[PDB]
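Just follow the structure's listing: the first ligand is 1, and inside any ligand the first atom is 1. By convention here, the first residue in the shown sequence is residue 1.
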Amino acid sequence: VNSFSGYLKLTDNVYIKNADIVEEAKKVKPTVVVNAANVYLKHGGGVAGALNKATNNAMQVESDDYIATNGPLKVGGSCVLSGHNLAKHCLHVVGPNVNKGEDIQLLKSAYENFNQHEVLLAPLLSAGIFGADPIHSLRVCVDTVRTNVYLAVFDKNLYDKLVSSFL
Ligand SMILES: Nc1nnc(SCCn2c(=O)oc3ccccc32)s1
């Protein structure tokens, strides 16, 4: 039993809700919130910009130190950093950005990072400003993640389309 509320159950382990991931994280304080990161951990917009803004830029400050020490992530890769005021940990996961021409096959590799955590609050990887089809992202999520994932979808119209088209 966990404190995630109002989710529709898609499969044994995947749940979905129309919600602002920032507000969901502040309410639930999950062990892990997933960020839709880029390789430079530059949290300018989309989910990343919103999460970072909610931390009063502390996420960006921590991320800049991480990059200065370790260099960029790989597309499909991840790192665990602080969750600040939103969660215990933030799993920064880099899905491919279609608007950069990155290989959509890397989306499965990106979702594999979720399997290192028993429970996560997450957005759909590569959706939004990353340019991929969110219906495809949900399919890859369901077929790749085996741990318990609670997906927050900001756009109500998109949420309804994802549910109604889910096989
Ligand atoms: N594995 C999980 N992580 N985060 C959640 S949600 C937030 C509240 N919370 C809960 O309901 O169960 C919990 C177990 C440990 C820590 C927090 C818990 S479940």
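Residues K108 and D143 are not paired through a salt bridge, judged by the lack of any N-O separation under 4.0 Å between the basic side chain and the carboxylate.
Remark: atom 7 (C) of ligand 1 lies closer than 4.0 Å to at least one protein heavy atom.
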Worked check of ring pair (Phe, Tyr, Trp, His ring centres under 6.0 Å) between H92 and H43: CA-CA 10 Å; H92 295 272; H43 309 302; 5.2 Å; yes
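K156 pairs by the side chain to side chain contact (heavy atoms under 4.5 Å, CB included) definition with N18, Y159, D160, not counting sequence neighbours.
If you check which protein heavy atom lies closest to atom 1 (N) of ligand 1, you get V119 CG2, 3.4 Å. Looking only at protein heavy atoms, the nearest one to atom 19 (S) of ligand 1 is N2 CB, 3.5 Å. Atom 15 (C) of ligand 1 has its closest protein heavy atom at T31 OG1, 4.3 Å. The protein atom (non-hydrogen) at minimum distance from atom 11 (O) of ligand 1 is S3 N, 2.9 Å.
For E102 (side chain) and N97 (main-chain N/O), a donor-acceptor pair under 3.5 Å exists by modelled atom type. Remark: side-chain polar atoms of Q60 are paired, donor with acceptor, to backbone N or O of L41 under 3.5 angstrom.
Only the backbone of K29 comes within 4.0 Å of ligand 1, judged by heavy-atom distances.
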